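Structure assessment
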Amino acid sequence: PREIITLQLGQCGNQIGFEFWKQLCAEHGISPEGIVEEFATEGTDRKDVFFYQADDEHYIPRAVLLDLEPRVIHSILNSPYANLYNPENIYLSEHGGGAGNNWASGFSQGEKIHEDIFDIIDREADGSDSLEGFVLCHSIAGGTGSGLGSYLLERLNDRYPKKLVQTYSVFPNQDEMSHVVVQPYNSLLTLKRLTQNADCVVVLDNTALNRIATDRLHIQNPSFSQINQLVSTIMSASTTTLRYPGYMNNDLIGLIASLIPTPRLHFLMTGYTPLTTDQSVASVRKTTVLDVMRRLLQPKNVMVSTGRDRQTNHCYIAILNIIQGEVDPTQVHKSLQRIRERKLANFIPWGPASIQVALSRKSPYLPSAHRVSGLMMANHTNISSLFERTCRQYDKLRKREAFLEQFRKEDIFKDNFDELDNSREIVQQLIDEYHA
Amino acid sequence: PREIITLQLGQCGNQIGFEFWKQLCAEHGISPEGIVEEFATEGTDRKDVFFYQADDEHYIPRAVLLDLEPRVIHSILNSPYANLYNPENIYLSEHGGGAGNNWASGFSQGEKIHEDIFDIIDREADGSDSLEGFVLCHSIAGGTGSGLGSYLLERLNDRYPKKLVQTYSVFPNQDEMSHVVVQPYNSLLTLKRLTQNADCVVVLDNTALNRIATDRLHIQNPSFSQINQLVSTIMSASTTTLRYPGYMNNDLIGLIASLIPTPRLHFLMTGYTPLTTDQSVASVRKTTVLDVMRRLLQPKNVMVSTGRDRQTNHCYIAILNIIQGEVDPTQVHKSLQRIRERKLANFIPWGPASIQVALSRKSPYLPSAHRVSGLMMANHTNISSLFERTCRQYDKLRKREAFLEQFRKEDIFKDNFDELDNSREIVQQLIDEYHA
Amino acid sequence: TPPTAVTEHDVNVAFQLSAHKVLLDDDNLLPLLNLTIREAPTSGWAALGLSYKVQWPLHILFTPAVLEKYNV
Amino acid sequence: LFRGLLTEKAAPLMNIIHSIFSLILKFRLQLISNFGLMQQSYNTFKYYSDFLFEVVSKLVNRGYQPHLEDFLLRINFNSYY
């Protein structure tokens, strides 16, 4: 009775959930509409929780996909997953509107599609036992996915004031400005909704994706097009306490609750270790769990742009270390015994910090059911280095002249730009204030 | 956990450490990726002792290469072991440089690249469990190693006072005066820091290098490529009590504490028997172990030029004879019976001396587990000849009027030339006083 | 610290972290032996010894008498 | 049940889990619905945790219940600030 509606929205947001649903059929090792193995019921002991159980010989995703370009969801039609999705229940196959790229297009298109947008997620729940919440799988990139998704961060926490908000924000490439040039604008507007019309967030930086894709997966050709591959893997990693049982924090609101000290701090750095390829020529003789959490208390997996002298001028405040699947679960507490002797952990220079370890099984699926898997869902105070990157690329755009008038072509016709600036410096500073 | 950072500096200082890292990979049996030999852990009980402490089975040289000459370092990144090297904590890939070839070039470039030269040894001391020290693999040839090497002889004496200092001072052929002529000036500025801001040096001269290169490797016309094998072997050779456990003077500051009578006398002569291919024919049945230190009882393999008639006007005080690999050690106490009887090494007459004998285990790699080895680390007081030799080349250079105003256009603008003369004569008196 | 009953626990975790950052040559041997430091001299030095088990019937060669002759 | 907690069914570790429950009712009843009464509720919690630290230290013997090892993680946390 913990049914979650994913609200995949945007050009990238539809892609990271396109490969999320595709990851589940391949890790349970079955057909996305059949059963051809017994690992489906034996591995996954709660087969429906983001699906519903069979009554037509087909699996039913709890997904909605709206965007302002009809091209991305027809690139879900083209692919043969039309017997895992429904192009009249699970998506609107050709939904138009804006060009778009303006944030202000989609923010005004949620308010004239206001009647229809809450009868498609509340029609997506209609045999549900009871709702957990909503995951807004939306994109910050472009103004389309960012534009309508930022309206739903408000209306879903007061039409349902007891349900979960948590966002998979994915930024556009910060090594470009020629992909989207309204990028400092559409980022910060949503960041106002991230601190006071939210609860917890997941912010994912794109240049740290390509930092890892050439250093842990070693492809020669760093491009903006590995954006969805590293993300869809950490999305399916985050919910191994809801699609396979837990023990304590046996809900998803269990993990997420203990990683929020105060509102405005809850920006979680995500790490996921099994991307190494030198841990796989040594999987016959079983790789060790004694040095795989010296990658969660030392950088080797951050998808958050953070400095190198900001892992010492800021410490962990809350750190969660989720071990998954086969792992040798009888020495994971021996591994956490030798952390304190070296001091690889970082704690605030005042009061309590906490290194939480928890464990959970998985279905047959060798990179995390035959190899040690380490997920970090960290909470570091070093998150202002990004908020300085977004503020410093935002005011830099106003000395270039752009989107002081080219943003006010639809909706916005009043000044509120130094209002998004002022709230952002309030955010960056109280965090530093909160510790000694 | 006894990690040493080699500091290659200078034109000749980069060529001698290049084959040093190449000796280590070949004897540990490892690939530049992973393990391919289980002699890697059974033979070397401390793989990490100059390498990065693995956490995904990778080993990284702890090397830094700064130099004003890009010709010598461009032959290091076009090697099969250029992947053992990483240009991201070592050096740049295609690195730059100063003028160079002047002592004032590299001394002033030492202090405006002051941030990165002390933030590249602390990007190689972050997994460290305590640093042993620093080995300054710097040249005495040209102004490049000597300018930049005089700087780090100072700051590691006071930002790092606890840590061990020890240098491989390599001279060029001192009779050059047309490709280098500024060699007695750049030498003495570095020789002054070496005796007052450094504790130990490992001296090496070139005229006794070519002495081996024509009678142990046998060229008809000299080359400087038969000079870099001789240094790179003696580099891995000193660390067989530390790369593989000892018992007593198992620290490297243990060997050196019994090899230094007191600073003012610390210049260790180096000697090495298996450089020739006629010492693998004296280990097909094992030749006796009585004779492997009675060839070091009076040297005939020294990489330091000296007379054999200057052994009866001088008296050894401390001599170390480190034997390596299979030598069948049970007639080694018989070998010290026969030392006093010949006396080809005079012992000091104000008090007792020291005949140090060592043995060490090494990997089962063929030239480290078959050939009979004598590694000499002598400390003989006939070294005053080398200091009289560089000072005779200075005083002749000042009466040709050369570098009286030609070297004092850059970072010299005050007298310091007779300070170099006086400090050489106090060192020279105190070497000879310790056998007086 | 002259030997006392709490110095015993300190030397056990101390041999624990010490031999572990060096990497003891076998990882499962580390928690099946440790050093053990009870009358006091004035210093713990030259007053500490070893505790290690023995298996069937290897102990008749390694009887509890002669482990003292080696420890002393 | 030795592995669970055990507490020898008598020892102040059993008194601190009883007592931190008594503040937990004050935390849910004030937040569902007084700001001086908030901060008192966790000042008693800080009394109860600092009471726990001195108890871990008198339980420390040389090896004595698998909770003890895991507790000395947090002790060295307390040392770190």
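Residues numbered from 1 in each chain as written, not as in the entry; some residues may be left out. Chains lettered and ligands numbered in written order. Part of a larger assembly, values for the part shown. Heavy atoms only, no water.

This entry lists cryo-EM as its structure determination method and reports a resolution of 4.6 Å.

On to the overall build of chain A. Of regular secondary structure, chain A possesses 15 helices and 9 strands. Compactness check: chain A gives a C-alpha radius of gyration of 21 Å against a globular reference of 22 Å for 436 residues, within 12% of the reference. Structurally, chain A occupies a C-alpha span of about 65 × 60 × 45 Å along its principal axes. Taking contacts inside chain A between residues at least 6 apart in sequence as the whole, the part at least 24 apart equals 82%. Within the structure as shown, chain A displays about 18,300 Å² of accessible surface, and the carbon and sulfur contribution to it stands at 49%. Of the side-chain charges in chain A, 43 are positive and 52 negative, and the distance between the mean point of each set is 9 Å. (Helix = DSSP H or I, 4+ residues; strand = E, 2+ residues; numbered from the N terminus. Rg over C-alpha atoms; globule rule 2.2 N^0.38 Å. Contact = heavy atoms within 4.5 Å. Areas by Shrake-Rupley, 256 points an atom, 1.4 Å probe, with all protein chains shown as cover. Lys, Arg positive; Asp, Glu negative; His and termini not counted. Charge placed at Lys NZ, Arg CZ, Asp CG, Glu CD.)

Right, let's talk about the overall build of chain D for a bit. Within chain D, the regular secondary structure consists of 3 helices and 0 strands. Across chain D, helices and strands are ordered from the amino to the carboxyl terminus as α-α-α. Dimensions of chain D, computed from the C-alpha atoms along their principal axes, are close to 45 × 30 × 15 Å. For chain D, the residues scored as buried account for 28% of the 81 residues in total. Working note: accessible area of chain D is about 5,800 Å², and carbon and sulfur atoms make up 65% of it. Averaging the coordinates of the 8 positive side-chain charges in chain D and doing the same for the 5 negative ones gives two points 7 Å apart. (Buried < 20%, exposed > 50% of the residue type's maximum accessible area, 1.4 Å probe, protein only.)

Turning our attention to the arrangement of the chains. Here 5 pairs of chains are in contact, and chains A and D lead that list by number of contacts. At the C-alpha level, the nearest point of chain B lies 19 Å from chain D, with no contact between them.

This part is about the interface of chain D and chain C. Across the contact, 4 residues belong to chain D and 4 residues belong to chain C. With both sides pooled, the region where chain D packs onto chain C buries about 380 Å², and carbon together with sulfur makes up 47% of that total. When the buried surface of chain D facing chain C is broken down by residue, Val-60, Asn-61 and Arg-62 of chain D rank first, second and third, together holding 93% of it. Our count for the chain D to chain C interface comes out at 1 salt bridge. Note that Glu-8 of chain C is salt-bridged to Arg-62 of chain D, the shortest N-O span being 3.6 Å. Linking chain D with chain C are 1 residue pair in polar contact, by the criterion used here. Classifying every residue of the side of chain D that touches chain C by side-chain character gives 2 nonpolar, 1 polar and 1 charged. (Buried area = accessible area lost by both parts, 1.4 Å probe. Salt bridge = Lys/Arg side-chain N within 4 Å of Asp/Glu carboxyl O. Polar contact = N/O pair within 3.5 Å; in protein donor to acceptor, adjacent residues only side chain to side chain. Nonpolar A, V, L, I, M, F, W, Y, C, P; charged D, E, K, R; others polar.)

This next bit is on the packing of helix α13 (residues 384-398) of chain B against helix α14 (residues 417-432) of chain B. The geometry of a pair of packed helices is captured by two quantities: the angle between their axes and the separation between those axes. All names here are of chain B. The interhelical angle for the contact between α13 and α14, taken along N-to-C directions, is 160°, at an axis separation of 10 Å. As judged from the angle between their axes, α13 and α14 are roughly antiparallel. The handedness of the crossing between α13 and α14 comes out as left-handed. Between α13 and α14, the contacting residues are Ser-384, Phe-387, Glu-388, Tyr-394 and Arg-398 on the first element and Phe-417, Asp-418, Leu-420, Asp-421, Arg-424, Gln-428, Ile-431 and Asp-432 on the second. The class makeup of the residues in the contact of α13 with α14 is 5 nonpolar, 2 polar and 6 charged. (Axes fitted to C-alpha atoms, helices over the stretch in contact; angles between N-to-C directions. Parallel < 35°, antiparallel > 145°, perpendicular 65-115°, else oblique. Left-handed = near helix turned anticlockwise from the far one by under 90°.)

A few words on the pairing of strand β1 (residues 3-9) of chain B. All names here are of chain B. In terms of burial, β1 is largely enclosed, as 7 of its 7 residues are buried. Every second residue of β1 is oriented toward a common face, with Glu-3, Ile-5, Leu-7 and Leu-9 on one face and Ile-4, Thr-6 and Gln-8 on the other, all of them buried. Examined bridge by bridge, β1 and strand β3 (residues 131-138) share 7 bridges and lie parallel to one another. Bridge pairing links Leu-9 to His-138 in β3. Across 4 bridges, β1 lies against strand β2 (residues 63-66) in parallel orientation. Residue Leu-7 lies in a different strand from β2, and its bridge partner there is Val-64. (Pairing = 2+ DSSP bridges.)

Moving on to the side chain of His-28 of chain A. Residue and element names in this part refer to chain A. Take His-28: it is sitting in the loop between α2 (18-27) and α3 (39-42). We classify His-28 as buried; its relative accessible area is 6%. Reaching out from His-28, the side chain makes a polar contact with the side chain of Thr-44 at a distance of 3.3 Å. Contacts of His-28, omitting those with residues within four sequence positions, involve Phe-39, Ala-40, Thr-44, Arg-243, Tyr-244 and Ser-363.

The next subject is the sheet that holds strand β6 (residues 267-272) of chain B. All names here are of chain B. The strand order across the open sheet formed by 9 strands is β2-β1-β3-β4-β5-β6-β9-β7-β8, and the pairing between neighbours is mixed. Of all the strands in the sheet, just β2 and β8 (355-358) have a single pairing partner and so form its edges. Between one strand and the next, the sheet's axes are offset by a mean angle of 20°, whatever the strand orientation. The pairing of β6 with strand β9 (residues 375-379) spans 4 bridges and is classified as antiparallel. Considered in β9, the bridge of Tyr-272 is made with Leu-375. Helix-sheet contacts for helix α9 (residues 229-237) involve β1, β3, β4 (164-170), β5 (200-204), β6 and β9, and the interaxial angle to β6 is about 105°.

Turning our eyes to something else, we now look at the interface of chain D and chain A. It is common to give the size of an interface as the accessible area lost on bringing the parts into contact. Across the boundary between the two partners, chain D contributes 7 residues, which contact 14 residues of chain A. For the chain D and chain A pair, buried surface summed over both sides reaches about 1,000 Å², with 62% attributable to carbon and sulfur atoms. The largest per-residue losses of area from chain D upon contact with chain A belong to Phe-77, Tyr-80 and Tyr-81 of chain D, which jointly make up 56% of the total buried on that side. The interface formed by chain D and chain A contains 0 salt bridges. Taken together, the connections running from chain D to chain A amount to 2 residue pairs in polar contact. Of the residues assigned to the side of chain D that touches chain A, the class counts are 5 nonpolar, 1 polar and 1 charged.

Right, let's talk about unusual backbone geometry for a bit. Residue and element names in this part refer to chain A. The amide bond that connects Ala-99 to the next residue, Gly-100, takes the cis arrangement and shows omega of -5°. Relative to the helices and strands, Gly-100 is located in the loop between β2 (63-66) and α4 (103-106). Positive phi values are uncommon outside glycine, yet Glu-94 reaches one of about 100°. Here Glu-94 is to be found in the loop between β2 and α4.

Mapped onto the elements of the fold, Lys-9 of chain D is located in the segment before α1 (13-32). A relative accessible area of 66% means that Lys-9 of chain D is categorised as exposed.

With that settled, the discussion passes to the UniProt feature "binding site: GTP" in chain A. Residues and elements named next belong to chain A. UniProt records the feature "binding site: GTP" at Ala-141, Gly-142, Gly-143, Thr-144, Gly-145, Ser-146 and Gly-147, using the numbering of this structure. Considering the arrangement of structural elements, one finds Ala-141 in the loop between β3 (131-135) and α6 (144-149). Residue class for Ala-141 comes out buried when judged on its relative accessible area of 0%. In this structure, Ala-141 is in contact with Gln-11, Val-170, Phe-171 and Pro-172, ignoring residues within four places of it in sequence. Mapped onto the elements of the fold, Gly-145 is located in helix α6. The class of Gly-145 is buried, set by a relative accessible area of 0%. Ignoring any residue separated from it by four or fewer positions in sequence, one finds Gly-145 in contact with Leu-9, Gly-10, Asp-67, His-138 and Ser-139. (UniProt positions renumbered as here; feature names shortened; annotations may be inferred.)

Residue and element names in this part refer to chain D. Together, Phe-21, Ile-24, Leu-25, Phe-27, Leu-29, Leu-31, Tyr-42 and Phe-45 make up a nonpolar patch on the protein surface, roughly 730 Å² of accessible area in all. It is α1 that contributes the most residues to the nonpolar patch, 6 residues altogether. Relative to the elements of secondary structure, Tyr-42 occurs in helix α2 (residues 35-56). (Patch = residues over 30% accessible without salt bridge, like charges linked within 9 Å, V, L, I, M, F, W, Y side chains within 5 Å.)

Burial within helix α10 (residues 229-237) of chain A is extensive, with 8 of its 9 residues counted as buried. Of all the positions in α10 of chain A, only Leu-230, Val-231, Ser-232, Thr-233, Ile-234, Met-235, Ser-236 and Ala-237 of chain A are classed as buried.

Taken as a whole and assessed by the stated rule, the structure comprises 32 salt bridges over all chains. Residue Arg-193 of chain B is joined to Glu-154 of chain B by a salt bridge in which the shortest nitrogen-to-oxygen separation is 3.1 Å. Remark: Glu-154 of chain B occurs in helix α6 (residues 144-155) and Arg-193 of chain B occurs in helix α7 (residues 183-193); sequence separation between them is 39 residues. For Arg-193 of chain B, a relative accessible area of 13% translates into the label buried. On the accessibility criterion, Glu-154 of chain B (22% relative accessible area) is partly exposed. Among the ionic contacts, a cluster of salt bridges with common partners joins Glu-27, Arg-243 and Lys-362 of chain A.

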